[PDB]
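Only one chain is shown below, in structure tokens, and it's the form solved without this ligand.
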């Protein structure tokens, strides 16, 4: 029900950074810098600007002290300065609230447009950014769990096909999705930069931010993050994983920051840059779709996500999903999942895999 505008879409390069509001800046710094080893581009009493090992733009993450923890903006870099004008014209045509700042909303970004998008999400588009020392060969700084790139965002939204269509018009190409035999869509992944995704839609009450994902070079780097969290005795902040994804084929881990913002660590998905890249649809009941090894998806993964803010700094109202619930149809009392389609052996009914029930 979101029409394709006459105005041309801005040419989006990739996800570039997220601005997260955090309640205790010191505790957040402890998590992102001391635990996760992100690199400080700038900090003061209000904000911490962080980047990954291979990044040359000013930052991939802004942490902003605020009264209520929430996503403040998810930023995409566009190809040219003129693409910021294109973004403004596009979202104006859609009837969305927009705000333009010629000198940026955060440090290290220039001319930028923020919008309350049709799904209620605060998107930023920008070209101009302050270049910093690209640390990609600074092996004197490299940590055993080094986060090397920002990879993607993931958004919770009640109507997946509605948001998918909107993002396709915006230029994202769908790479994978999860549906059932009766035509319900539960999740979709879509890209600009030639990886599996730059953002993704998870069916649920929204708008809420599901997670922000960073890449490592190798699988052992993700293992080290888990190991380090056990050593720091904060294993209760490991939410889910580590595992191999079905959708995306990436090795992964989900952890929780001090304000319960979910962060994914991700590596080794595949190239999607060709225009006829084959799309892959998984059945919702396929127990290898989210964790390839069949490990159960923790219930909080389906229920918990971050608030998002409007352009005034206020929390967006949550709209309830009316389509079927992935949690309910797979691990709920009347849910089921299979290892091999049509096989009772290795299937789970009314509970999760590996012998667990929902707590």
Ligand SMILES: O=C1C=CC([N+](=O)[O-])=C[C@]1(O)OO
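Numbering follows the first chain given and starts at 1.
A.B. asks: Averaging only over Cα atoms, indicate whether 258-266 or 97-105 has the higher B-factor in the PDB entry.
C.D. replies: According to the PDB entry, the answer is 97-105.
A.B. asks: Please compare 183-191 with 80-88 and name the stretch with the higher mean C-alpha B-factor in the deposited structure.
C.D. replies: Looking at the record's C-alpha B-factors, the answer is 80-88.
A.B. asks: Based on what the PDB entry reports, which of 47, 295, 52, 330 has the top C-alpha B-factor?
C.D. replies: Going by the entry's C-alpha B-factors, 47 comes out highest.
A.B. asks: In terms of recorded Cα temperature factor, pick the maximum from 230, 145, 242, 110.
C.D. replies: The listed residue with the largest C-alpha B-factor is 110.
A.B. asks: Which third of the chain does residue 351 land in by C-alpha B-factor: lowest, middle or highest?
C.D. replies: Its C-alpha B-factor, which the entry lists for residue 351, ranks in the highest third among residues of this chain.
A.B. asks: Would you mind ranking residue 304 by its C-alpha B-factor against the rest of the chain and naming the third, lowest, middle or highest?
C.D. replies: It falls in the middle third of the chain.
A.B. asks: Tell me, lowest, middle or highest third: where does the Cα B factor of residue 127 rank within its chain?
C.D. replies: It falls in the top third of the chain.
A.B. asks: Where does the C-alpha B-factor of residue 246 rank in its chain, lowest, middle or highest third?
C.D. replies: Its C-alpha B-factor belongs to the lowest third of this chain's values.
A.B. asks: Just say lowest, middle or highest third for the CA B-factor of residue 156 relative to the other modelled residues in its chain.
C.D. replies: Middle third of the chain for residue 156's C-alpha B-factor.
FYI, the form deposited with this ligand bound isn't displayed, but the following is about it.
A.B. asks: Given that the partner is absent here, state which listed stretch (67-75, 101-109, 218-226, 197-205) has heavy atoms within 4.5 Å of this ligand in the bound PDB entry.
C.D. replies: Single hit among the candidates: 197-205.
A.B. asks: Which of 121, 90, 189, 126 has a heavy atom within 4.5 Å of this ligand in the bound PDB entry?
C.D. replies: After the contact test, the surviving option is 189.
A.B. asks: Kindly confirm or deny that 152, 247 and 290 each have some heavy atom within 4.5 angstroms of this ligand in the bound PDB entry.
C.D. replies: Judged in the bound PDB entry, 152, 247 and 290 all sit within 4.5 Å of this ligand.
A.B. asks: Is residue 301 close enough to this ligand in the bound PDB entry to count, meaning some heavy atom within 4.5 Å?
C.D. replies: Contact with this ligand, yes.
A.B. asks: Could you confirm whether residue 240 comes within 4.5 Å of this ligand in the bound PDB entry, counting heavy atoms only?
C.D. replies: Within the cut-off, so yes.
A.B. asks: Looking at the partner-bound form in the bound PDB entry, is residue 114 within 4.5 Å of this ligand by any heavy atom?
C.D. replies: It does not: once this ligand is placed as it appears in the bound PDB entry, residue 114 has no heavy atom within 4.5 Å of it.
A.B. asks: Does at least one non-hydrogen atom of residue 261 fall within 4.5 angstroms of this ligand in the bound PDB entry?
C.D. replies: No.
A.B. asks: Under the 4.5 Å heavy atom criterion, name the residues of 253-278 that approach this ligand in the bound PDB entry, in sequence order.
C.D. replies: The stretch 253-278, when checked against this ligand in the bound PDB entry, contributes 254, 264, 266 at the 4.5 Å heavy-atom cut-off.
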